[PDB]
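Student: One structure is given below, represented as structure tokens, and several questions about it will come after.
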Amino acid sequence: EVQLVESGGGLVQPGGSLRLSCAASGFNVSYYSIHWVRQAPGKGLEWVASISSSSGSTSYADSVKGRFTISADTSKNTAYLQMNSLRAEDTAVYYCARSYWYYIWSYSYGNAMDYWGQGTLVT
Amino acid sequence: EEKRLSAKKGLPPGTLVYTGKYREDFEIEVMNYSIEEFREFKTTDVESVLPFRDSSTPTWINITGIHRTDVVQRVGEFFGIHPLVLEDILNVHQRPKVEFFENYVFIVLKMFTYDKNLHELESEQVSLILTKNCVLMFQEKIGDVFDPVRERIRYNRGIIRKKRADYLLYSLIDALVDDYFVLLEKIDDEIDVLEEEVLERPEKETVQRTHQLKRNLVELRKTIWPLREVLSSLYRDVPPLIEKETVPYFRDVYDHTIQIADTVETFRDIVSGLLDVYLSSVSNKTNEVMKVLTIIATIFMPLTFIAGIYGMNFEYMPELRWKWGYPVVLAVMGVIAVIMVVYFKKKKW
Amino acid sequence: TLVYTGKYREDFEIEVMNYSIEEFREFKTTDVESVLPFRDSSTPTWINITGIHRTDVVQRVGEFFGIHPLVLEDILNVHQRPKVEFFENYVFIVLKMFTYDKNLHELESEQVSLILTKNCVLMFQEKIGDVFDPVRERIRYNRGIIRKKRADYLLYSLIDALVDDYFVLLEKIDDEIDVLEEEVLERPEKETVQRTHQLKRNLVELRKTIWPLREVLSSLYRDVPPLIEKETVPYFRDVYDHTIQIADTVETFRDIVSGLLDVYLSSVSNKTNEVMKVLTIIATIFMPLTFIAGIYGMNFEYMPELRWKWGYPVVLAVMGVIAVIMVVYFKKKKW
Amino acid sequence: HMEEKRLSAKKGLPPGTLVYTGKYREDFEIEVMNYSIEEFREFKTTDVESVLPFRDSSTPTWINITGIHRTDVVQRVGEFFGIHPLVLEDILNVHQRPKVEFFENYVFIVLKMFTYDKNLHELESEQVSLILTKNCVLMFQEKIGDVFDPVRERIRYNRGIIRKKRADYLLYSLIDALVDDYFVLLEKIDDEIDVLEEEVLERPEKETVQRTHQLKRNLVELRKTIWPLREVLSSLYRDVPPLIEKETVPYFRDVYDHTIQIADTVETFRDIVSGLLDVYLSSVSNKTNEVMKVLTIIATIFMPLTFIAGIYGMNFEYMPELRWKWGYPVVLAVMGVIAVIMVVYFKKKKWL
Amino acid sequence: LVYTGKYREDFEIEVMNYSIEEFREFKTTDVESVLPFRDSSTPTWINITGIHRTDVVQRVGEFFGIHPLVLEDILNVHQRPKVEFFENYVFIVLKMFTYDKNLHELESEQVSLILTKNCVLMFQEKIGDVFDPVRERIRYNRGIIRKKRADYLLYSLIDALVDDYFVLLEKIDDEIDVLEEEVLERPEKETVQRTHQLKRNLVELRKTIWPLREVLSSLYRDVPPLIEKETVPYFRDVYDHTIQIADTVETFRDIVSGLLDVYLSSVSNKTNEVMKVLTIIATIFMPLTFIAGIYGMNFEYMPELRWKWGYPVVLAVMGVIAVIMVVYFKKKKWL
Amino acid sequence: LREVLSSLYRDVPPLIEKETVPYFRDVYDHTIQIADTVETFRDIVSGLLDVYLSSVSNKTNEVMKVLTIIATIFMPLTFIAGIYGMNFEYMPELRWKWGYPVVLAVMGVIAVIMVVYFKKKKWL
Amino acid sequence: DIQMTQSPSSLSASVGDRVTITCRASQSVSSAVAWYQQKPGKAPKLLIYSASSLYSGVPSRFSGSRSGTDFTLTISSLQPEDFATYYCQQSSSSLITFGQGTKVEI
Ligand SMILES: [Mg+2]
Ligand SMILES: [Mg+2]
Ligand SMILES: [Mg+2]
């Protein structure tokens, strides 16, 4: 019922720029947080960015801070990730994930990604 | 009550977080009933439930599964429910409370289930909102106590079908209190079993079960006192939403809660008595074991001393070859054993 | 498939009484076929069935009358608390008789069922002997107003007789509690402990039986069943009040016996002092002398005791001196 | 009795009989205290027809019937004042908890007075019932002795504002005096707890545990009585029945707060008694442990030495051991060193 | 009339009339000298210490038009705090609590406060009070107390009482610190009794706070005609101070409960440790001595005397037994 | 600290100015979070201590049981062996039957009888 | 920055035997640790969240634990279909950090 579909990648020159679109179906982007997770060829998962479209709060990993800008359109039900000054190391299978917050103590909260997209390749 | 939603730390502002532990299931039941007909409707689509807000006839909406914060947010936004009320709905670690607003009344209640063969007490928070002609009700998981009200609406039994939504709120609260009584009966049966077991055989499982029961009773007390307070608040004034015809019923439920509180306090006292009984019984058993050990020690250590006598390789034995030396020392043996047995019998050991 | 529960299966007897405002007749028979035409009569009757082990009989009567099976397993299930069942054609009530034995204190309970059907009342007993003899005596000797009423008054008479037997049980338990408290206070003994424990268990069983029965009577009178006539509501109300009395007495009696148990179990202290002092002094006296006696068990070619004269008196004197020193030091520590 | 308020049916009694339930049948007396803004009167009689006419008296009056074993007097007063028979049954029923019932013409309250007895560690309650009808307050008592002497003194000596106000203020004053005597009872219980603490901490006698247990039972019974009293006061303050006049309603808030205080104090006293039991058990265990010290040290310094003696006290052959020269002093020094090491180990253990 | 005070030796009368234009203080016990001060327009604060002589209090009450029952209440000692409002005067009774070092005793001292128009009368059971800073400030002409009326004097005295409570709470805090150090360092019966005395005194403080809360609440909520404004915020501040005192007392109660739990745990641990060491040595060495006693036979024909050098075999068996006994303790988590 | 923050966002003197009030409200909510967590931790820790008492106090009984059984079994047997073996050794010289196996059989019979007598009332 | 040390880097085991995968955090992360399973050429699937709570729709053999700063993932009765790579993910901070991975092989 819930699907996340990514598009907008595959090939770019070093120092180039492109945008990856995550399409949300079955849920509203403003009631959840959307994360971008990338997996380098023959490597492990690495977290990139996350946006809570209700308030527009953005958090970036130190690796791609400033270079990548994440945004979300509520009416379109889509969240974007516009990369800039993209390097050779940035190549990976960029996944789009949906997460929900849970409760541990009154002071500590955690979130876990439950639904994942199929991912797209960027080179 | 306040316009500004509370600002938690580490969370983006304006976020609502489900607090409990249940995420398996989600379902929305709607039971719209009138003076002459009723309707039942079980779906997972919030949109088919939203138009029931403005229906003249009373409506009962049961949204089970509040881990879907989106459904709660949509229902609250459409019904005009304040964001802080939604935050209180999603917060589970919260004692029962009642809040009065201009267009609705918000009630926080708690259910309870007791498990047999594995004595654990579980809680589930249910929230009720009485807006206009509708009674919204939010649940953590499938499984509730309001099945009798469902069947009464289905079969047009009682005066529920001919009344407004405030009587439905009454029916739900009274059913909850009734299952509180059922829980108390289950706990009383468990207390009787524990009483017999502790009074007959003190073990580690006995204290484990008794202490778990004590913790459960403290939890029940902490839950039941605010529930009495909120029912008091429901029958004292309740100006805007609840009609003056339904207040005797709320008074009845308030009396029932008083009885429940009395019963749980009695159970607490009985369990404390059980703990004291276990301690006394264990002390008595250790005293009996000490009695036995001291009996054998006192009747055998002097025996070992007299065995050590005539066990030293000295040159000069007075009875080196005296006839009947072994019989005479065995006579001393028997005499000492008999006299110590008699002496210990004087003190009734 | 119905399974029986009663341990004994020795006897089985069927009897039935047909009483009317004009005439009266009672019938006794062994075959199950003879009771079939009695229901067809308009006059209220009362079929007494002793022994539920005969499963073919209960199956036949259940299928003929129009009784749901679950009622049949409930009648077959002895191990169950009293309850009431409201069905559109009949009301199903199960109760529990009680027998108390003196000079040997046990509490034996025998389940009894009651089905009220239009103009006939069905009851399924477990063994011979019951507490409904006064009802039969009143039927035979034209005592009271039972014949002038319908079967609801018969059900009332049955329940009232059972409650009366409960009152008699309470009298016997009153005597037991009095003698038990007097004996425990006068002399605490292990047999008194066993009696107190048995009495507490018996009172617990009584409570578990009587508290649901009060709710049963409340359902019989307050709910206004369609089969029960409005004229018999006050009588069921009176039986409900009698059950209130029984419950209050049971709670008071359990409070008394629990207080007795607590008072008995309060005092355990003296052992930890007395027996432990005895053990410590005995061990501390006799271990050192044993050590002095055993050190001479050393096997060697040369040892001083061999050459020393009167070695045995010397070692005995040393051991006695050590024992005297230890016992004197014991008075410093008291006990 | 809530359902339709009918007269209950007993088994050993004729249907309509009212039976006194308590144990006190000694004294009977009727005392009246009729007062106004300026004039007041009072008298003591054993004739109830001398107090029947006061039902229609305009001035506030206080009829006080002591001794309810006289069921005839209670029934006559109920018949003349129009009291429901179930209310009379509750009045004569002593084994009961405090309650309040509001009727269209009168208010019925049940309360309790305790009297803790020193040197006989038990407390006994006496039931007092009040009926506030029209302009008269009916008071029923079991025996001689009550806590309402300050109210009588206030009426006699024109203290406070009691003379100006009506009968509902008299009811307020009576409940206030009763809860004040509850405070006095709690003070006496505190004194008993002080004595029990001294006994526990000084000499662990045999009867001290029995005294702790009976004090705990007393606190349990006190809680069981006081909680319904709080229910009564909350109902009086919050349900505002017509007979209270809405002008004396704030005067019940003080009494409600007082009952809350009394309940909290009872809870704290119960906790203190339980802590005293814990300390007593700890002291007993410490004594047994002091015995353990000696027993354990003796055993742990003597058993290995006798074990060595037993090992050496054996008879084999064909082995160059056992029979030796100067080996006995060697073994002597061996267990001397063992004993010294054990004493040193005890010095580390901080006992002996 | 009847007086049951604990102290009777001391008796002194103080009068202290203060004003911005001039200041005055009076001494000695002249009973007739205090009467004319009631006519002064300037506020006056008559301080009376020693009520065992009822004649002076009787005379001053009669001249001031006070009800005899109020005077009897003044003569009482075990009176809970209360406030009584009358057309001409208000009756305030409170407690003064003093704490002495080297003894863990909480002592009570009842003080009464009545003000009429401008004259304020005290009633002291014993010489000594915590109003010394207030009278010193009056003498030194500090603050706005001299430009206000007697209501501000009553507020100042109550504030001084609350400050005395605060001082008592920090003294008990230091007490708790010392006893915590002792219990975590060295446990003994005296430490137990001292900590439990803290517990009881904290319970007493909790008990006494509530009537103070009630009297203050009535005082600033009933807005009496006699107390004409300029008192609400100050009484509310005193109320907040009482709230803070209650919170501090609750925290101290938690601390002392923890201390008592610690002591009980220590006693249990010591008992477990001694039993542990005794049992370990018993089980490791008693069986070995039993085997040695078995092999201590003196038989002329002993078949087990010679078994292929069985001496090292037997000691190896003993060592194996000791090792497995120690291991079994380790397996079930003993040490 | 919660009371302080409450004062800051509620009394709002002119020095603090109106624009910074929501930030103080946020800090107040953070203090609320902290206090709730501290109270929950206090409850958990108080619960933990009672578990320790529930654990260690259930060990002395077993230790005492094993000590009692080993002592009551091995002391009388030690006495029997001491009687049958001494330096005095004034005993029937002739062996008759197998004396040592008979003594061992008696030892085992006594031990089995003592074991059977124990745990009859489950005191152990 | 918070780093999760997932040891061992790779493990091999048979079918039907208990397998535990542990993970350690550089500093104090309370309990916001989740476990994911990524089969080759597929998106990950969440199995455990809150370090001890089994995500809905996941078989009950999977389980997790937390010991202070140490977190472990256990498979009580391994199945042939449980062969993939597993990651420990802290979420205490807003800068989510994953673990290295632990591929389970025959
Ligand atoms: Mg011992
Ligand atoms: Mg020997
Ligand atoms: Mg020898």
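Residue numbering restarts at 1 for every chain of the structure tokens, chains are lettered A, B, ... in their displayed order, and ligands are numbered from 1 as they appear.
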List all protein, DNA and RNA residues that have any atom at most 12 Å from ligand 3, counting only C-alpha atoms and all ligand atoms, and write the list as a PyMOL selection string.

Tutor: (chain B and resi 307-313) or (chain C and resi 293-299) or (chain D and resi 309-316) or (chain E and resi 292-299) or (chain F and resi 81-89)

Student: The selected residues should be written to file as a JSON list (two decimals), in the first residue's frame (atoms: C-alpha atoms).

Tutor:
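That gives us out32.json:
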[["chain", "number", "residue", "atom", "x", "y", "z"],
["B", 307, "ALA", "CA", 35.85, -41.66, 71.35],
["B", 308, "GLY", "CA", 38.98, -39.51, 71.31],
["B", 309, "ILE", "CA", 39.47, -40.64, 74.88],
["B", 310, "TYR", "CA", 40.82, -44.20, 74.66],
["B", 311, "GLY", "CA", 42.33, -43.19, 71.32],
["B", 312, "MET", "CA", 45.71, -41.85, 72.43],
["B", 313, "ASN", "CA", 48.88, -43.95, 72.09],
["C", 293, "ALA", "CA", 42.66, -36.01, 72.04],
["C", 294, "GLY", "CA", 43.36, -36.35, 68.32],
["C", 295, "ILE", "CA", 46.74, -34.62, 68.16],
["C", 296, "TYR", "CA", 48.20, -37.66, 69.93],
["C", 297, "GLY", "CA", 47.14, -39.88, 67.03],
["C", 298, "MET", "CA", 50.30, -38.75, 65.24],
["C", 299, "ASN", "CA", 52.44, -41.78, 64.37],
["D", 309, "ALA", "CA", 45.48, -34.97, 62.50],
["D", 310, "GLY", "CA", 43.17, -37.52, 60.90],
["D", 311, "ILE", "CA", 45.22, -37.63, 57.70],
["D", 312, "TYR", "CA", 48.41, -38.30, 59.65],
["D", 313, "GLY", "CA", 46.67, -40.75, 62.00],
["D", 314, "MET", "CA", 46.63, -43.63, 59.53],
["D", 315, "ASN", "CA", 48.32, -47.03, 59.26],
["D", 316, "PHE", "CA", 49.93, -48.05, 55.96],
["E", 292, "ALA", "CA", 40.29, -40.10, 57.19],
["E", 293, "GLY", "CA", 38.23, -41.58, 60.02],
["E", 294, "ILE", "CA", 37.13, -44.36, 57.68],
["E", 295, "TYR", "CA", 40.78, -45.09, 56.89],
["E", 296, "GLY", "CA", 41.75, -44.82, 60.56],
["E", 297, "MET", "CA", 40.94, -48.48, 61.21],
["E", 298, "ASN", "CA", 43.38, -50.51, 63.30],
["E", 299, "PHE", "CA", 42.37, -53.90, 61.89],
["F", 81, "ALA", "CA", 34.61, -44.62, 62.42],
["F", 82, "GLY", "CA", 36.31, -43.16, 65.50],
["F", 83, "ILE", "CA", 34.88, -45.91, 67.70],
["F", 84, "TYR", "CA", 35.98, -48.56, 65.22],
["F", 85, "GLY", "CA", 39.46, -47.02, 64.92],
["F", 86, "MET", "CA", 41.56, -45.98, 67.92],
["F", 87, "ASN", "CA", 45.09, -46.23, 69.26],
["F", 88, "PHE", "CA", 43.68, -48.26, 72.15],
["F", 89, "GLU", "CA", 42.42, -50.85, 69.60]]

Student: Enumerate as a PDB file with C-alpha atoms, in the first residue's frame the residues within 7 Å of ligand 1, counting only C-alpha atoms and all ligand atoms.

Tutor:
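Saved to out-v4.pdb:
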ATOM      1  CA  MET B 290      18.459 -25.648  63.603  1.00  0.00           C
TER       2      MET B 290
ATOM      3  CA  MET E 275      26.975 -18.353  57.023  1.00  0.00           C
TER       4      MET E 275
ATOM      5  CA  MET F  64      21.864 -23.525  55.668  1.00  0.00           C
TER       6      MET F  64
END

Student: Could you name the residues that touch residue A:17 at 10 Å or less, counting only C-alpha atoms, but leaving out those on the same chain fewer than 6 positions away, as a CSV table (one decimal) with C-alpha atoms, in the first residue's frame?

Tutor:
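To be explicit, this is the file written out as out.csv:
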chain,number,residue,atom,x,y,z
A,67,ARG,CA,26.8,20.1,-1.0
A,68,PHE,CA,23.4,18.4,-0.9
A,82,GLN,CA,19.6,18.3,-5.1
A,83,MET,CA,23.3,17.4,-5.1
A,84,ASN,CA,25.9,20.0,-5.9
A,85,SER,CA,29.7,19.8,-6.6
A,86,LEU,CA,29.3,16.0,-6.8
A,87,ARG,CA,32.6,14.1,-6.5

Student: As a ChimeraX atom specification, which residues of stretch 106-291 of chain D does DSSP assign to strand (DSSP E)?

Tutor: /D:106-117,122-133,136-141

Student: Report the distance between atom CA of residue C:193 and atom CA of residue D:218 in Å, rounded to one decimal place.

Tutor: 24.9 Å

Student: Might you pull out every residue within 12 Å of residue G:42, with only C-alpha atoms counted and same-chain residues fewer than 2 positions away left off, and present them as a compact mmCIF listing (two decimals) with C-alpha atoms, in the first residue's frame?

Tutor:
# COMPACT_ATOMS: atom_id res chain seq x y z
CA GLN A 39 25.20 2.38 -0.46
CA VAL A 93 22.70 3.39 -4.79
CA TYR A 95 17.72 4.87 -1.29
CA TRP A 116 12.33 1.69 1.89
CA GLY A 117 12.47 2.63 -1.76
CA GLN A 118 14.12 0.49 -4.41
CA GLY A 119 17.03 2.93 -4.80
CA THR A 120 18.65 4.55 -7.81
CA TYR G 36 18.25 -4.11 9.24
CA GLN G 37 18.58 -7.03 6.83
CA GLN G 38 19.77 -6.39 3.27
CA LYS G 39 19.76 -9.31 0.86
CA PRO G 40 22.08 -8.86 -2.14
CA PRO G 44 16.99 -3.29 3.51
CA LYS G 45 14.25 -4.58 5.80
CA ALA G 84 22.07 -11.43 4.27
CA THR G 85 23.99 -8.50 5.76

Student: With a distance threshold of 9 Å and counting only C-alpha atoms, extract the residues of chain B near chain A and express them as a PyMOL selection string.

Tutor: chain B and resi 8-21+69-70+73

Student: Next, the residues of the selection above should be written as a compact mmCIF listing (two decimals), in the first residue's frame with C-alpha atoms.

Tutor:
# COMPACT_ATOMS: atom_id res chain seq x y z
CA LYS B 8 10.19 18.14 22.98
CA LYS B 9 13.96 18.02 22.54
CA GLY B 10 15.57 16.26 19.60
CA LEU B 11 12.28 16.29 17.64
CA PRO B 12 11.41 18.70 14.83
CA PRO B 13 8.84 21.21 16.10
CA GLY B 14 5.19 20.38 15.60
CA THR B 15 5.65 16.60 15.64
CA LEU B 16 3.36 14.06 17.29
CA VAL B 17 4.82 10.79 18.55
CA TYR B 18 2.96 7.66 19.58
CA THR B 19 4.34 6.63 22.94
CA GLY B 20 3.18 3.05 23.56
CA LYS B 21 4.49 -0.30 22.34
CA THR B 69 -0.28 9.28 14.05
CA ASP B 70 -1.52 10.41 10.63
CA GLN B 73 -3.93 14.01 13.17

Student: Which polymer residues have any atom within 6 Å of an atom of stretch 102-110 of chain D, counting only C-alpha atoms, with same-chain residues fewer than 6 positions away left out, as a list in words?

Tutor: residues 129, 130, 131, 132 and 133 of chain D

Student: Those same residues - C-alpha atoms - I'd like them written as a PDB file, in the first residue's frame.

Tutor:
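Produced file selection.pdb, reproduced below:
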ATOM      1  CA  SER D 129     -26.405   8.967  63.771  1.00  0.00           C
ATOM      2  CA  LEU D 130     -27.701  12.406  62.810  1.00  0.00           C
ATOM      3  CA  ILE D 131     -30.930  13.481  61.112  1.00  0.00           C
ATOM      4  CA  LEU D 132     -31.133  17.106  59.950  1.00  0.00           C
ATOM      5  CA  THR D 133     -34.827  17.754  59.316  1.00  0.00           C
TER       6      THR D 133
END

Student: Tell me which protein, DNA and RNA residues are within 10 Å of residue C:261, counting only C-alpha atoms, leaving out same-chain ones fewer than 6 positions away, and put them as an NGL selection string.

Tutor: (:B and (277)) or (:C and (184 or 193 or 196-197 or 200 or 255))

Student: Go ahead and save the residues from that selection, with C-alpha atoms, as a tab-separated table (two decimals), in the first residue's frame.

Tutor:
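This went into result33.tsv:
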chain	number	residue	atom	x	y	z
B	277	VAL	CA	3.31	-14.74	56.96
C	184	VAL	CA	-6.39	-22.43	70.54
C	193	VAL	CA	-3.28	-25.62	63.67
C	196	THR	CA	-7.70	-23.73	61.88
C	197	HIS	CA	-6.26	-24.33	58.41
C	200	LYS	CA	-10.14	-21.34	56.79
C	255	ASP	CA	-12.10	-12.53	59.61

Student: Residues at most 8 Å from stretch 14-21 of chain G, counting only C-alpha atoms, excluding those fewer than 5 positions away in the same chain, as JSON, numbers by chain?

Tutor: {"G": [6, 7, 8, 72, 73, 74, 75, 76, 77, 78, 79, 80, 102, 106]}

Student: Enumerate, in order of chain and increasing residue number, the residues of chain D with an atom no farther than 9 Å from chain C, each with its shortest atom pair and distance in Å to one decimal, counting only C-alpha atoms, as a Markdown table.

Tutor:
| residue | atom | partner | partner_atom | distance |
| --- | --- | --- | --- | --- |
| D:8 | CA | C:241 | CA | 6.5 |
| D:9 | CA | C:241 | CA | 5.8 |
| D:10 | CA | C:242 | CA | 6.3 |
| D:11 | CA | C:242 | CA | 6.6 |
| D:206 | CA | C:269 | CA | 7.2 |
| D:207 | CA | C:267 | CA | 8.3 |
| D:209 | CA | C:266 | CA | 7.0 |
| D:210 | CA | C:266 | CA | 6.5 |
| D:213 | CA | C:266 | CA | 8.1 |
| D:284 | CA | C:269 | CA | 8.2 |
| D:285 | CA | C:272 | CA | 8.8 |
| D:287 | CA | C:273 | CA | 8.0 |
| D:288 | CA | C:272 | CA | 6.6 |
| D:291 | CA | C:277 | CA | 7.2 |
| D:292 | CA | C:280 | CA | 8.3 |
| D:294 | CA | C:280 | CA | 7.4 |
| D:295 | CA | C:280 | CA | 5.5 |
| D:298 | CA | C:284 | CA | 6.5 |
| D:299 | CA | C:287 | CA | 8.0 |
| D:302 | CA | C:287 | CA | 7.0 |
| D:303 | CA | C:287 | CA | 8.4 |
| D:305 | CA | C:291 | CA | 7.6 |
| D:306 | CA | C:291 | CA | 5.8 |
| D:309 | CA | C:295 | CA | 5.8 |
| D:310 | CA | C:294 | CA | 7.5 |
| D:312 | CA | C:298 | CA | 5.9 |
| D:313 | CA | C:297 | CA | 5.1 |
| D:314 | CA | C:299 | CA | 7.8 |
| D:315 | CA | C:299 | CA | 8.4 |
| D:322 | CA | C:299 | CA | 6.0 |
| D:323 | CA | C:300 | CA | 4.0 |
| D:324 | CA | C:300 | CA | 5.7 |
| D:325 | CA | C:302 | CA | 6.8 |
| D:326 | CA | C:302 | CA | 7.7 |
| D:327 | CA | C:300 | CA | 7.8 |
| D:328 | CA | C:303 | CA | 7.2 |

Student: Can you spit out the residues from that selection as a compact mmCIF listing (two decimals), in the first residue's frame, using N, CA and C atoms?

Tutor:
# COMPACT_ATOMS: atom_id res chain seq x y z
N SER D 8 -35.34 -4.48 54.48
CA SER D 8 -34.78 -5.80 54.23
C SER D 8 -35.49 -6.86 55.05
N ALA D 9 -35.34 -8.11 54.63
CA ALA D 9 -35.98 -9.25 55.26
C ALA D 9 -34.93 -10.13 55.90
N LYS D 10 -35.07 -10.38 57.20
CA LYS D 10 -34.22 -11.30 57.92
C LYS D 10 -34.91 -12.66 58.01
N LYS D 11 -34.23 -13.62 58.63
CA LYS D 11 -34.76 -14.97 58.72
C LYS D 11 -35.31 -15.33 60.09
N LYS D 206 9.16 -10.66 73.87
CA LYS D 206 8.30 -11.57 73.11
C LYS D 206 6.99 -10.92 72.70
N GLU D 207 6.45 -10.04 73.55
CA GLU D 207 5.16 -9.43 73.29
C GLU D 207 5.24 -8.19 72.40
N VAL D 209 6.25 -7.95 69.31
CA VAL D 209 5.74 -8.25 67.98
C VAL D 209 4.22 -8.32 67.99
N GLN D 210 3.64 -8.88 69.07
CA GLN D 210 2.19 -8.89 69.19
C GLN D 210 1.64 -7.48 69.27
N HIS D 213 1.68 -5.97 65.85
CA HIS D 213 0.64 -6.51 64.98
C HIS D 213 -0.74 -5.97 65.35
N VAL D 284 16.89 -9.03 65.76
CA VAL D 284 16.93 -10.47 66.04
C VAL D 284 17.98 -11.15 65.17
N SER D 285 17.99 -10.81 63.88
CA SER D 285 18.98 -11.39 62.97
C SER D 285 20.39 -11.02 63.38
N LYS D 287 21.45 -10.46 66.45
CA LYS D 287 21.82 -11.29 67.59
C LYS D 287 22.23 -12.69 67.14
N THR D 288 21.42 -13.31 66.27
CA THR D 288 21.79 -14.62 65.75
C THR D 288 23.12 -14.56 65.01
N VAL D 291 25.97 -14.68 67.36
CA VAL D 291 26.25 -16.07 67.72
C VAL D 291 27.00 -16.78 66.59
N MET D 292 26.59 -16.54 65.35
CA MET D 292 27.30 -17.04 64.18
C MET D 292 28.78 -16.70 64.22
N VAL D 294 30.96 -16.41 66.73
CA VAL D 294 31.72 -17.32 67.58
C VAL D 294 31.71 -18.73 66.99
N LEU D 295 30.52 -19.20 66.58
CA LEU D 295 30.44 -20.57 66.09
C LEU D 295 31.32 -20.76 64.86
N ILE D 298 35.17 -20.63 65.65
CA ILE D 298 35.63 -21.86 66.30
C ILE D 298 35.73 -22.99 65.28
N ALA D 299 34.69 -23.16 64.47
CA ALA D 299 34.72 -24.23 63.48
C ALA D 299 35.84 -24.03 62.46
N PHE D 302 39.22 -24.84 63.99
CA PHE D 302 39.43 -26.18 64.53
C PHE D 302 39.30 -27.30 63.51
N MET D 303 38.40 -27.20 62.53
CA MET D 303 38.18 -28.32 61.61
C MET D 303 39.42 -28.69 60.80
N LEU D 305 42.58 -28.41 61.41
CA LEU D 305 43.63 -29.00 62.23
C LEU D 305 43.31 -30.46 62.55
N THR D 306 42.07 -30.74 62.93
CA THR D 306 41.67 -32.13 63.15
C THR D 306 41.68 -32.92 61.85
N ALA D 309 45.23 -33.92 61.53
CA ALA D 309 45.48 -34.97 62.50
C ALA D 309 44.93 -36.31 62.03
N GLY D 310 43.74 -36.30 61.43
CA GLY D 310 43.17 -37.52 60.90
C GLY D 310 43.93 -38.07 59.71
N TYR D 312 47.18 -37.70 59.14
CA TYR D 312 48.41 -38.30 59.65
C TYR D 312 48.16 -39.51 60.55
N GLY D 313 46.98 -39.62 61.15
CA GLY D 313 46.67 -40.75 62.00
C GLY D 313 46.13 -41.93 61.22
N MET D 314 47.00 -42.56 60.44
CA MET D 314 46.63 -43.63 59.53
C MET D 314 47.76 -44.65 59.50
N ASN D 315 47.40 -45.90 59.16
CA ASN D 315 48.32 -47.03 59.26
C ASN D 315 48.46 -47.71 57.90
N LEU D 322 55.58 -40.91 57.67
CA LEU D 322 54.94 -41.21 58.94
C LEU D 322 55.99 -41.24 60.05
N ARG D 323 56.52 -42.43 60.34
CA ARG D 323 57.56 -42.56 61.34
C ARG D 323 58.81 -41.81 60.90
N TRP D 324 59.06 -40.65 61.52
CA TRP D 324 60.18 -39.79 61.17
C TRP D 324 60.86 -39.32 62.45
N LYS D 325 61.85 -38.46 62.28
CA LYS D 325 62.57 -37.84 63.39
C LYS D 325 62.32 -36.34 63.36
N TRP D 326 61.87 -35.79 64.49
CA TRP D 326 61.58 -34.37 64.66
C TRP D 326 60.49 -33.88 63.71
N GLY D 327 59.67 -34.78 63.17
CA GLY D 327 58.55 -34.37 62.34
C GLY D 327 57.37 -33.87 63.13
N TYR D 328 57.19 -34.37 64.36
CA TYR D 328 56.12 -33.88 65.22
C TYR D 328 56.26 -32.39 65.54

Student: Which chain F residues are at most 12 Å from chain E (counting only C-alpha atoms), as an MDAnalysis selection string?

Tutor: chainID F and resid 3 42 45:46 49:101 103:104 107

Student: Could you give me, as a PyMOL selection string, each residue of stretch 64-268 of chain E that DSSP assigns to alpha helix (DSSP H) when run on this structure's backbone?

Tutor: chain E and resi 68-75+132-140+150-185+189-221+232-268
